[PDB]
Amino acid sequence: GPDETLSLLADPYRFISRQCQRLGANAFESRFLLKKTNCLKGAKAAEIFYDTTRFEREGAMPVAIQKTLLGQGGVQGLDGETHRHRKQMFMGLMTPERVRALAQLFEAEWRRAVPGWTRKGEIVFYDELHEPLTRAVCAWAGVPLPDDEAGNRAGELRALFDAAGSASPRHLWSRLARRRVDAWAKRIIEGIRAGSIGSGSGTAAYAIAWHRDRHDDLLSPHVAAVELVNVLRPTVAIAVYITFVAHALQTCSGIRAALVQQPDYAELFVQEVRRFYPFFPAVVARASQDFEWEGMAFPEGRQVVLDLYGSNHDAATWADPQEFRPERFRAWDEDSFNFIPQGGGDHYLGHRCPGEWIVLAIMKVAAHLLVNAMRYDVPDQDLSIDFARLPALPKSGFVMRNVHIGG
Ligand code: HEM
Ligand SMILES: CCCCCCCCCCCCCCCC(=O)O
């Protein structure tokens with residue numbers, strides 16, 4: 001077969017589901033670079049993808065991703081009891097009280113940032129979200145962050161996810177940002193261990209700095225740094241979902257009124273933003289043993305990718321996936337495989353995102369502020385979603401004018 005890397009990079013969110021549509025199947029064999037790859041979509045495929053007796057992650061992460069988005073030595077590259085033990089470290093951070101604490105810090109940072117937006121007269125909403133998120137998450141995680149460094153650190157965290165997938169010098173910026181953020185986070189871990197930094201016992205940086213592995217050993221400082229960045233970075237990446245919240249409010253008739261007056265609506269709305277909008281395209285794993293599934297061969301070692309966007313738009317599951325309809329979540333049964341914007345399966349026993357509770361809480365803050373507190377004008381602009389960009393965004397970044405919060 002031919003190499004389809006270029007076709008995938010040209011349409012990273014939709015390539016798999018479009019090919020599935022042409023072939024009338026939920027899976028097809030392709031090739032990306034040197035690797036034959038089985039591409040999978042839909043709930044049944046997701047359930048097999050999360051079977052850890054058939055799939056492993058070790059060695060599946062490309063070097064370019066290790067050098068930008070994820071770092072080296074983090075939980076994403078682990079399998080088995082080594083994985084489960086490291087994953088418990090992240091899961092223990094996510095109590096309802098701690099998630100609420102982060103949401104509260106974020107609301108405060110957003111409110112603190114508004115006067116600056118008012119003074120600018122016109123803002124790119126996406127561009128303005130990274131710093132308040134950075135300030136909130138650093139405070140919550142026990143990471144000291146001087147006021148005069150917050151903007152710089154927010155730009156570095158942003159570069160890890162926003163510039164990683166850019167076929168331009170921006171990718172070089174992402175690589176430098178990774179070197180810088182790893183060094184910074186390592187100084188934080190070192191300071192906590194030496195007693196020069198007094199992060200609290202319930203904070204992420206404390207938990208990670210003092211985590212003991214399965215041999216009762218502390219994580220090496222670099223690995224601890226990477227795991228701390230695995231909390232900070234994706235929290236800043238919620239900027240993308242917050243921008244999509246503003247986009248849905250602007251482009252979908254009836255949503256604003258429903259959010260303002262119906263109190264149970266916000267939970268449905270945020271879930272539908274996660275279902276509808278492209279963000280995390282797909283996940284990669286490797287077959288751990290020979291098997292066949294639905295007439296397709298999965299030889300030991302076969303690279304496999306699971307299409308999250310395509311799964312979230314599977315008409316068999318959703319019936320009318322092309323519409324933005326928060327109401328659809330009234331009928332959801334909380335299946336762990338059929339709605340997978342941040343992965344599928346079980347949080348403890350697999351690689352599913354431990355950040356979902358944070359994401360939902362922060363999205364609800366955003367929805368509340370954009371309809372109940374923050375007044376703004378939206379000038380004529382190109383709001384269409386850029387499906388060629390990683391992460392996807394409205395092409396304009398969502399431009400606002402005359403922003404204020406006294407109204
Ligand atoms: C901003 C939107 C986010 C999206 C779209 C997202 C999506 C994902 C996805 C698709 C995965 C991989 C699932 C897999 O490998 O099977 C993942 C893993 C992960 N996410 Fe998120 N996530 C987000 C936010 C967060 C937040 C706020 C945190 C804060 C702790 C977080 C921490 C992690 C970690 C540590 C993993 C690796 C878990 C593991 O490998 O066991 N994420 N996320
Ligand atoms: C030069 C080729 C590399 C391509 C890199 C593609 C990476 C896709 C990342 C886009 C989604 C970003 C979501 C945030 C992820 C997180 O913070 O863990």
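Any chance you could run the full-extension gain for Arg214 through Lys364? It's 0.36 nm times the residue separation minus the Cα-Cα distance, nm to one decimal.
Numbers: separation 150, 0.36 × 150 = 54.00 nm, distance 3.69 nm.
This chain segment gains 50.3 nm when fully extended.
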Legend entry - Per-residue ³J(HN,Hα) for the stretch 25-41, Karplus 6.51 cos²θ - 1.76 cosθ + 1.60, θ = phi - 60°, Hz, x for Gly and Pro: 9, 9, 8, 8, 8, 9, 8, 10, 6, 7, 10, 3, 9, 8, 9, 10, 8
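What does DSSP give for the chain in terms of the percent of beta bridges that are antiparallel, rounded to the nearest 5?
Values: 23 of 29 bridges.
The answer is about 80 percent antiparallel.
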Legend entry - Most fluctuating residue given options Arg178, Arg98, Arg112, as computed from a GNM of the chain linking Cα atoms under 10 Å: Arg112
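Between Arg22 and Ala257, what FRET efficiency follows from the Cβ-Cβ distance if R0 is 35 Å, with the result rounded to 0.05? If you can, show how the numbers build up before the last one.
On the way: r = 40 Å, r/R0 = 1.13.
Between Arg22 and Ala257 the formula returns 0.35.
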Inset, instruction - Order the peptides 131-141, 27-37, 160-170, 252-262 from the highest to the lowest mean number of other Cβ atoms within 10 Å of their residues. - result: 131-141, 160-170, 27-37, 252-262
Inset, instruction - Please work out the Cα center distance from the stretch 141-167 to the stretch 97-123, rounded to the nearest Å. - result: 16 Å
Legend entry - Fluctuation leader among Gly121, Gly310, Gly191 - the chain, Gaussian network, Cα springs under 10 angstrom: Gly121
Legend entry - Euclidean distance of C-alpha centroids, the stretch 5-39 and the stretch 202-266, integer Å: 29 Å
Inset, instruction - Calculate the radius of gyration of the Cα atoms of the chain to one decimal place, then report Dmax, the largest Cα-Cα distance, as a whole number, both in Å. - result: 21.0, 62
Inset, instruction - Return the FRET efficiency for the residue pair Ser201, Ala10: r is the Cβ-Cβ distance, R0 is 41 Å, and the value is rounded to the nearest 0.05. - result: 0.25
Legend entry - For the stretch 175-192 and the stretch 271-330, distance of Cα centres in Å: 34 Å
Legend entry - Within the stretch 56-95, backbone nitrogen closer than 20 Å to the virtual label 7 Å beyond the Cα of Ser166 toward Cβ: 64-71
Legend entry - Inter-probe distance in nm under a simple model that places probes 7 Å from Cα toward Cβ, at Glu323 and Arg180: 4.7 nm
Legend entry - Gaussian network model of the chain, springs between alpha carbon atoms under 10 Å - residue of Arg54, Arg111, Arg214 with greatest fluctuation: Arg214
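Positions of Cβ are generated from backbone atoms using ideal geometry, with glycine treated the same way; all protein chains shown enter the neighbour counts. All of the numbers you see were taken from the coordinates with simple rules; none came from a lab.
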